[PDB]
Structures are given as C-alpha cells and as structure tokens.
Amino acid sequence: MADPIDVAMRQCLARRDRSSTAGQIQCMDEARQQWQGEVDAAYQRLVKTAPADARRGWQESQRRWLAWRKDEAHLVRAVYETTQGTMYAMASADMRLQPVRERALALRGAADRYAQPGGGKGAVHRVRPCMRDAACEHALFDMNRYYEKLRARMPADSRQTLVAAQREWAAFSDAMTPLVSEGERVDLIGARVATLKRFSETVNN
C-alpha cells in the first residue's frame, strides 16, 4: 500500500489550482515537509524502542545525516543555479524530496524491526571492508567515477561545496554500515551514485 503522503501528493499534482510549474513544485515541497515529519517521528520511535547499542548507533547516524543534508543543499544550489528552465526546476525539487522520503523509510524499517520480539538482537554488527563485496566495490567505483566527472565539470568556485557535501555524506554512510544489511549498504552508495551522475549531466560551467 502506498504511503498516504505519496497518495496525497498524487492528488495534489492533479489539482486545478496546482497545474502551473510553481504549483507542481509546491505539491512536492508539501510532500517533502510531510516526509520530514515522518523522519522525526520514526527517529523518535527508534530511540525509544531500540536496544542501547543500536540506539546510540542510530543517534550517531542521524547527527551525520543532518550535517550531510545541510551541506548537500549548498551543492544542489551550486549545480542548479547554472541551469535554466522548468525541467531543471522540477528535477531540483525532486532532488530535495527523495532523500527525505528515503531517510524516513529507513528509520521506519529499523524501528519496526526493533519493535517485534527477537528483532532487537544483532542490531549492531561488525564492519567488513567494502572491498570484500564486489557489489559494494562496484558501487564505490561508480561513485568516485561520477564524483570526479562532476568535480571537473563544475565552476571552480563551487568545487569546495562538492568536496564538503561528499565528505559528510561518506561520514553518514560510515555511521550506517554497522546498522543495516550489506544490501542496504550497497544501496546507500548506489543512491549517491545516481545523485552524482545526475549532477554531472546537469551542471553547466
């Protein structure tokens, strides 16, 4: 079943008074704010129900997530201020929406797993090097490939915002590795690959 937030956004995008580009973006911005409320609520359930080791681990991940989001907004602006047109304005709005949605669903999945009998066990596990897992190694390889392509295509002024955003993303990624499955670890990297790839196809020097 679709989440009511996404059902509502769908209905919103169909509104007579939201057909303009500003109206479409406003629907997405309203959805993003609602997803941010679900981030905060799922994080609160998690802190109240998780075992102590996982609780501190997730608290660390959220501190790192927030710091990344703060600087990633600067990177989003630096990329899209070199663009023109409503296709790019829409892409930028979706850029802002999806990571909030993603963070909410991850927190929800953990809080649901910790809430049932047994599931709290094994919440924190040891960190194996990414290079043992060909899936992780391939995703990392692509990430650094698109990172370098993006860095080279950006105006010299904003390169420091990519450096800063990516560094805090990686610290967020590291905080998450002990708390999620190897598959989710790979998907965290794959999601960052897709963001950097889109940036590299968008920024205009």
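From 1 onward, residues are counted along the sequence shown.
J.: Averaging C-alpha B-factors over each stretch, which comes out higher, 158-166 or 31-39?
T.: Mean CA B-factor is higher for 158-166.
J.: As stated in the PDB record, which stretch has the larger average Cα B-factor, 126-134 or 71-79?
T.: Taking the mean B-factor of the alpha carbons in each, 126-134 is higher.
J.: Using the entry's values, work out which of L97, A104, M90, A110 has the largest Cα B factor.
T.: Each of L97, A104, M90, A110 was compared by C-alpha B-factor; the highest is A110.
J.: How does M1 rank on Cα B-factor within its chain, lowest, middle or highest third?
T.: Ranked within chain, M1 CA B lands in the highest tercile.
J.: Compared with the other modelled residues in the chain, in which third is the CA B-factor of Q62?
T.: Its C-alpha B-factor belongs to the middle third of this chain's values.
J.: Pull the Cα B-factor of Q26 out of the PDB entry and bin it into the chain's lowest, middle or highest third.
T.: Tercile = lowest for this residue's CA B-factor.
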